[PDB]
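Okay, here we've got a single chain as structure tokens, the form deposited in one PDB entry, with questions on binding and movement later.
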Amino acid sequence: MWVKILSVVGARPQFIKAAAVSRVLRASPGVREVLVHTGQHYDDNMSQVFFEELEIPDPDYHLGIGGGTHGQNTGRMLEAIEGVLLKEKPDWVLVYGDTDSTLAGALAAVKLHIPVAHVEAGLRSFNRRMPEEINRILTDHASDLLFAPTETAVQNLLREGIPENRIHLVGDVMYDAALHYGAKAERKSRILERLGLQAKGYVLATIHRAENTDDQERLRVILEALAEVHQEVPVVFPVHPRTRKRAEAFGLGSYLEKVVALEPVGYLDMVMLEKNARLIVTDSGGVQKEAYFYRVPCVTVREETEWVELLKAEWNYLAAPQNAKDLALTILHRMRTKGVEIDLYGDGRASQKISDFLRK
């Protein structure tokens, strides 16, 4: 009708962010939306339940690309995305996060003189070996509008010579989504019932990174710690399939009967879990932020984390799997902590502010 805003997405978090943006857009008449998924129409990365439960729109296009090298995936995505852009001639192109899809969308649009906005801009790990570091840098420098989630992000962009007037501090739209899904789980998740658990009466653990799941001592130290912690507090562990088959491969599948081990759980139930736990123990970077979003203290069993500002506001604590005694104690300590009451990633209406800056 009056403005076309086309979203490119090719990973689950990008769909989640695009849907949070789209909740705001869909309430203004005369925004027409187009959703372009770079991947396979019925990719098994995702499920009926991911779409229904997390309220993800049906893409208008599926480009069918993935499973290649960075060159094959990115090259094909650049051609195919360009084609859709030429066909749809949208006013705005929104790209999200820092995958190959992000970069394809931006490079496709900028050569066509179609304005590109990068949702989640300015994040730097300062290690160009990560494909995602290259993706975010190049997306940032190709985009017209840079929607940063933090002040560090903003400063990262300025230090790189991007003009201030292309940079907008809007917060992290994954916080908005955490709140939306948070409310929804309270309304619908029953996983507390079926497990027979009490809000603020359990510890939740996820472990699925290499640095911990491969090495055998580490996975001892980790599961030996969770074992001992189960004694004081019910520990709930939804085990990445891959982390299960690594433990059954040092026979360690005995340190998993003391804890309520579970087979990976529905997305809403997992939110329920996260937001009602007294502590979350993990090596996932995503769960570290979800912890902060729901104001549940976090221990990070990793020897390194990426979200240093959660550490600095004492919502997250670094505890490297050395031995079980040392680790179970620091788990127990942190379980009775909290962090500073500061908003780190916006106020939960990043979507609003993005939308306002566009429909301008």
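The first residue of the shown sequence is 1; numbering continues from there.
Set 277-285 against 150-158 and average the Cα temperature factors; 277-285 ends up higher. Looking at mean Cα B-factors across 63-71 and 290-298, the upper value is held by 290-298.
Per the deposited coordinates, the residue with the largest Cα temperature factor out of 168, 245, 136, 180 is 245.
Out of 220, 89, 118, 141, the entry records its largest CA B-factor for 220. In the deposited entry, the Cα temperature factor of residue 8 places it in the lowest third of its chain's modelled residues. Sort the chain's modelled residues by C-alpha temperature factor and residue 325 lands in the highest third, per the entry.
Residue-level temperature factors show residue 307 in the highest third of its chain, judged at the C-alpha atom. Compared with the other modelled residues of the chain, the Cα B-factor recorded for residue 101 ranks in the lowest third.
Ranked by C-alpha B-factor against the other modelled residues of its chain, residue 196 falls in the highest third.
Here the subject shifts to the form deposited in another entry, a form of this protein not shown in this document.
Seen as two rigid parts moving between this form and the one not shown, the chain keeps residue 140 and residue 77 on one side of the split.
Inter-residue distance, residue 124 to residue 306 (Cα): reduced by at least 3 Å in that other deposited form versus the depicted form.
Relative to the displayed conformation, the Cα-Cα distance from residue 158 to residue 306 shrinks by 3 Å or more in that other deposited form.
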